[PDB]
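**Q** Pasting in a structure now, in structure tokens, and then I'll have a few things to ask.
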Ligand SMILES: [Mg+2]
Ligand SMILES: [Mg+2]
Ligand SMILES: [Mg+2]
Ligand SMILES: [Mg+2]
Ligand SMILES: [Mg+2]
Ligand SMILES: [Mg+2]
Ligand SMILES: [Mg+2]
Ligand SMILES: [Mg+2]
Ligand SMILES: [Mg+2]
Ligand SMILES: [Mg+2]
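Protein chains in written order, with the authors' numbering: chain A, 23 to 57, 63 to 413; chain B, 23 to 57, 63 to 413; chain C, 23 to 57, 63 to 413; chain D, 23 to 57, 63 to 413; chain E, 23 to 57, 63 to 413.
Structural data, given as structure tokens:
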């Protein structure tokens, strides 16, 4: 065994071309304020190197500068000098030593970046793809749903839908543009948009609706009966992440399946969502929830409950987990587009993330680790701090 | 990757010296009959070999001849030609293809033997101990509890206890000799025995009480208040395995923690015991419950619920799992004794299972796989069929 | 009283003509694998003979070779030398002596074959039909539902329906051909098929929908609202048998009654499905669940809960139980067809199973025992091992 | 098959010697009145004869004259001309045709007498003891508890206890003499009596406490903590039969197991007590609850719940059921004493009821039917009306 | 105070003209038998006379001959010599002294007849109408629903409806003619009948549907969604009275309010239906449930729960209770028709029961007691036994 030598954490600030939303607008938790700032224009890379020179690559997107401070000051020192294959111990070490403040949020996100790197490292050390160490190939290939379709003018939304359709996706997710603050008029605008998409896409494909924590219990309860006729596959994050009780009440109404979890942290955090039937579809993001070590355990819990898992974001740190579990049927897919909201920013930082072909993704059976590398292609578009 | 070439299953029938219980007697499910036949005098070895010649070793103890028929006829054909690292897929393949009849019992036991072998195989293929692939070292060493101390005359029991004490164990399990059929008099005999052990061992060590499915809801509910003063760490399998509701009711009384699970099968099977709080200590045996693939998932579920896991039996197929999870604090330890009940029979078939030192067990950080081999030492004491 | 002298167990392997599905396809638990193998091409007969020469006939279909090994090695020895009329004791003897591994699956199936034979034996010994010993005639005759109608081209399905209609059935069951893996498109194909059957059959007959464990909680929850307009009488086995919690959640949605139980074992096993309201229609098969002794007790439990019982499969081992209980209104009827899936294989092995007349079945008030005999008619089509 | 020809119902009024309680006194539902009338000084015999001359013997003790009117006017006409072996149909016929008023009480008691006779009849018709038709011998012999020991002076109670002890009983039941109306002083008198019995009997035998519906929820809740130190095996009928909720609340306190059911009627009636965990020991009397047909079904339900069944009263109509079920461990035994309260009156009417030997009862393996006959021995002590 | 002198109980057997149903047919509990016998062709009058000569009139309809035996032998002796104004004590005296067998059914019905008489007696003794002693006038007049409309040919049913409409009723109840035994075809026949009535009556009047215990849980659950579009005010007694759990499950589906209670007995009996939300409309009949003393207490319990009470049957023993409680909005009204089913038989025995005027009933503010007398008008049509 070769021990961990160092942890290199860098924050990448996008300084390249940005595209004006051209009339875009999406709901979010801040809408309640009478003040969705495109959060992902920064990203964090975490490289864990062993004494033998092997390097594992991890990442995180939430508040990169704050997370970097946590990793450099508190977490990195906890894994230096340790065997990567004692990953469960290292995870617990970080989890308990900082439990007072790292339980959720910054801390768990920091743990996530380091843990993902440790898994990439393990795969490389034994020459196996990460998904093989997690269980192997449970699917021929991974079906994916087209993730985007922000609220806009009806013509604009229908044009995007028609374009997306040409690529074979069997699922499409769309984001609402109006919420509680927009009152009754906003409800109609929301419904008009879903109808417009069914007009183009038809009813024989999955249509997912996303609120991004922009609604509340009151508003959602009244919108559910109105959304039923469009037969959505699910309604995502209708309430803020702290309103777990609201999630459970909404999911129990049994009108439209409720999904969520991208803003939930730790194994016990997601176990509660599963056990309380707060969601019918769990969507944690491995680079937030605690890493692959935590996600693998969460997948076991969700599988026993038969609440399907479809991680938030389409990246290797999520794909390998999905490939290895029967209860993880499909993945979310952000197409390789220009930098707008930021979900696609990782494509400019890394090379190796699979691109969809006729609505499916594939993983190489041999490529060791996660199958990604940090790219030099866009260094010109980034101001990287270390 | 090297593919699975064959599956060699053998049933070992002990024909060597047997020791007369000298007055032993233990409760069991059959006591209710007005008719504990020492079940383990047979054992099954399952060797899974890949094209490159590497061999993984698995095993099972329940109804070996029946399990062998299942493996040779139904399960073996399902893994031949497959990559061992697609273990989650292979597990699901066996689980679903035979779900109609293999869900629990024979089928799941057969799956267990094959899956354990596949993990030993994986460890050997990448040159890593199984526990490293499962999470690594979460404990300096593994504390173990002395498992035996069958009911006998008071003098005989106290003598065994005094001998066991000299070896540093911090926990001791004893089996009851009387049950419902023995009526009120039997209750006193049971209590006299527990008191006699506390007399020797004292109250500063763990004392576990085992019923081996020999009691029932009625009798246990009345015995609990009577056992309380002896402060047992737990009461094991007070009712038959099908009485899950009874388990939950007894555990909810909150007098003595109830343990069980050695006769439960599959991930969903144990998940139910956890979710229904049927037990406070889960004791599945990896060579029955579905193998390491299933046990790893069960450990994740139990850990989130904080219901500790202490697998039934002290063998490598259980030790590696325990080593890798924080919620698996100690192991059950059958000392290397003469063949009596059969729990120790595996010591004669395999070489490599750790022996306790001052009440602790250790695993080698380098030894690939499970760290065991099939021994030639006792071939003279076995009639092996293939 | 005459004691049990021997237990003769034989496995019948069909070697005769087989018919190509001509485009058939049905959902099943294995569909999840990216690999419904017509399981019943083998069958087991179990003859229990008493010292006086009287012979009782029992049977089983699940994994015959494995079940035969269990009967010959573990169960048969437990009933030899016993009075058939101590059936409850013999059942408990087999149940407890092998509880560790026989609780469900192979063991309980083996117990089933022996117990059914013991009842046929008892009826013959006292010269009474089995149903008379169980309670007598609660129905003038037994209404039955046509069981088949596998997924196929619309024209093929409608042709079968039209043919079935001519025989007076008031109920028809159909099997789905698409599941979770077929995504949104498969959902439409499923709905198109149910609609096509209502087109032919109309809405004034019962239409039962079968999934055969081929769907999951996620998919079923989304299909229920879509199936509602076809007013199905029930939805059968939407999830795998281990997902009892899923069964209960689906049944609680109250959209379509959920049925299941053909893959559940023992009295306590079915009692749990009843008590947890996991199903609204219980469908254990007497030659799997534990035999007539167990089924009679299960019928008592189900009756008190008013959850109707309609055993899986139309054979005498089920008909006699149904005839004797008011809560058992109808039976499933596999027509005497060519050997395809195997459900009809018993017609070639035994003689005596009633054939439907205008959608009803009848039992003879005098014929002792089950009213069946092992036939010599098709010995030419079987390779029988003993 | 021979059809039922007639139903002969007779009420036996005891006119022989009666013994003055010599200072006896026992609690009962009427104590609340500021007004336990020894109810059983009358008894009912019900003989069901078939065309071939065979006669089955049934009985009932509750309000004989009222029950006789019901049998002669409503029930008898429903079974005449029917095959005894259609017993489940005949039971349902009586149950449904009179459901409006016979559900519980008089009606169900009448059904009980007829049904018991039908079973005795069936056993005789096929030459088998009733218990053989019900499942056979599950016990070597039947342990019984001494049932009596009414409240009296301490010396009188201790003398009875000492006498009872000489006969090998492992269980003894005693009846309280004070209740709510006797206030705080009565509580002490009750406790003094239980203590006095433990003084003689010791703590290594079962001690059952009976209230006979003479207490209430309020009083019992306060008495439970006070009775705990005497370790009673159970507390019988602490509240009136209509207070099922009270039963459940008391049983849930988990201080002393609560028993009851002798005043509950029908299968669904007892199923509710079982399902609501109203009792930990079910004590229906077969000649009240609905007969052997109903009791057999109740035993199945109780067994699955593992709530033991110990029928009220020691008579053949209860013994045969107990013998055939594993969940029916012991029987209540009224010794053959002089006519005082009336529980022993059946010994003077019938011949064949087993007498205890060293605390156990036995049933003959050959004797057809219930093994009883109506005796001519005490015709001189009865005024029989027909 | 004047004490009760005697209790005169008589059974009136109708021997006058009877009308042939002309094609009528209604569901009932006995339909399950492969055998609704117009039960009420007998009736019981119970006259309680005090020493001063005042006479109170009570009655009962269930099994009159059996009830008469109970009153004469057990109950009458309990009230003789007592003050009528100690009615609560007398009720408890009868309730407790016979609790073992009178809890429900015959006993409680007997208590009902005596108690109703005692109230009529009290009203006469103080010169006040019964409803005044119970609370007074809570309603200007009592709205009533037309109770009848048995299943028949569509033309016959529509003709009755048109005739009933001319009398101003705002509510109409109809009885189903098909049940579980009639299968799918019967379901259509049932729906056709409800539709036919809505055709005539329209949707602006209450339409109540009655099953009279002729359906079961299974069938009702499937019929509810089908009945919803006819907007029935309630579905009455869909299951047998012992299936309280079924009542609660059906009522909880929230499709159509479930009513019941006419076959429930005692205060605690109805309190359970209320507390378990088994019904949304409670319909006990005062001459069955325990009398006015019990009904007054039941009305208090139901009122607090806001579960409306609409007693079964339109007679003074029910009207006075309804008049005095705000939670008792309307009454069931059997028109004064020829003797067919028997519900109208009381009109021939008594004089004083109010007749509907434009769909309303009125009570006299002065008339003492119940305001009824036993009539001599139809003595010629009765064979009265005493
Ligand atoms: Mg999202
Ligand atoms: Mg790139
Ligand atoms: Mg154990
Ligand atoms: Mg060795
Ligand atoms: Mg099926
Ligand atoms: Mg044949
Ligand atoms: Mg009693
Ligand atoms: Mg005698
Ligand atoms: Mg009614
Ligand atoms: Mg009149």
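All residues carry an ideal CB built from backbone N, CA and C; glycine is no exception.
Write down the C-beta distance between residue 150 of chain E and residue 396 of chain E rounded to the nearest angstrom, noting that I regard them as a contact closer than 8 Å.
**A** 4 Å
**Q** Sorry if obvious, but does the Cβ on residue 380 of chain D come closer than 8 Å to a heavy atom of ligand 8?
**A** yes
**Q** Which stretch, first to last residue, makes up the alpha helix (DSSP H) that contains residue 277 of chain E?
**A** 271 to 279
**Q** Quick one: what's residue 200 of chain E bridged to in DSSP?
**A** As computed with DSSP, residue 200 of chain E is found in a beta bridge with E:174 and E:235.
**Q** From residue 335 of chain D to residue 361 of chain E, what does the alpha carbon distance come to, in whole angstroms?
**A** Distance between the alpha carbons of residue 335 of chain D and residue 361 of chain E: 49 Å.
**Q** How about residue 75 of chain C and residue 29 of chain C: do their beta carbons lie closer than 9 Å?
**A** yes
**Q** Give, in chain order, every residue of the segment 143 to 172 of chain A whose Cβ lies closer than 8 Å to some Cβ of chain B.
**A** 153, 154, 155, 159, 160, 161, 162, 163, 164 and 165
**Q** Which residues neighbour ligand 7 when neighbourhood means a C-beta less than 7 Å away from any of its non-hydrogen atoms? List them by chain order.
**A** Listed by position in the chain, the residues whose beta carbon lies within less than 7 Å of some heavy atom of ligand 7 are D:237, D:239, D:263, D:264, D:289, D:310 and D:339.
**Q** So which residues on chain B does residue 328 of chain A lean against when the C-beta distance must stay under 7 Å?
**A** 327, 328 and 331
**Q** In this structure, how does DSSP classify residue 52 of chain E when only helix, strand and coil are distinguished?
**A** helix
**Q** Give me the chain A residues within the contact set of residue 113 of chain B, using Cβ-Cβ distance strictly less than 7 Å, ordered along the chain.
**A** Neighbours of residue 113 of chain B on chain A, chain order: 163 and 164.
**Q** Could you tell me which chain A residues have their CB closer than 9 Å to the CB of residue 250 of chain C, listed as they occur along the chain?
**A** Near residue 250 of chain C there are no residues of chain A at all, since even the closest Cβ is about 11 Å away, more than 9 Å.
**Q** Determine the DSSP secondary structure at residue 69 of chain A, reduced to helix, strand or coil.
**A** strand
**Q** Can you give me the C-alpha to C-alpha distance between residue 261 of chain B and residue 234 of chain B, rounded to a whole angstrom?
**A** 8 Å
**Q** Name the DSSP bridge partner or partners of residue 244 of chain A?
**A** For residue 244 of chain A, which the question treats as bridged, DSSP gives no partner whatsoever.
**Q** Taking the alpha carbon of residue 128 of chain C as the point to measure from, which residue in B:121, B:120 and B:137 has its own alpha carbon closest?
**A** B:137
**Q** Which residues mark the beginning and the end of the alpha helix (DSSP H) in which residue 210 of chain A is found?
**A** 210 to 228
**Q** Compute every distance between the C-beta of residue 405 of chain B and the non-hydrogen atoms of ligand 4, then say whether any falls below 8 Å.
**A** yes
**Q** Any chance the CB of residue 409 of chain E is under 8 Å from a heavy atom of ligand 10?
**A** no
**Q** Leaving aside the five residues before and after residue 333 of chain D along the sequence, list all residues of the same chain whose C-beta is less than 8 Å from its C-beta, in chain order.
**A** 354
**Q** Using the beta-carbon of each residue, which ones in chain A are nearer than 9 Å to residue 280 of chain C?
**A** 281
**Q** For ligand 4, is there any heavy atom lying closer than 8 Å to the beta carbon of residue 67 of chain B?
**A** No, the beta carbon of residue 67 of chain B sits no closer than 8 Å to any heavy atom of ligand 4.
**Q** Which residue marks the beginning of the alpha helix (DSSP H) containing residue 359 of chain D, and which one marks its end?
**A** It is not in any alpha helix (DSSP H) - residue 359 of chain D instead sits in the beta strand (DSSP E) that spans 358 to 360.
**Q** Tell me where the alpha helix (DSSP H) around residue 134 of chain C begins and ends.
**A** 133 to 153
**Q** For residue 298 of chain D, go through chain C and note every residue whose CB falls closer than 7 Å to its CB, in chain order.
**A** 331
**Q** Report the residue from A:339, A:97, A:314 and A:297 whose alpha carbon sits nearest the alpha carbon of residue 60 of chain B.
**A** Placed between 57 and 63 in the numbering, residue 60 of chain B has no coordinates, as chain B goes from one to the other without interruption by modelled residues.
**Q** Here's the rule: buried if 16 or more other CB atoms are within 10 angstroms of the residue's CB, otherwise exposed. What is residue 61 of chain D?
**A** Residue 61 of chain D falls within a stretch that is absent from the model, since chain D runs 57 to 63 with no residues between.
**Q** In its own chain, which residues sit with a C-beta less than 8 Å from the C-beta of residue 42 of chain E, not counting the 5 before and 5 after it?
**A** none
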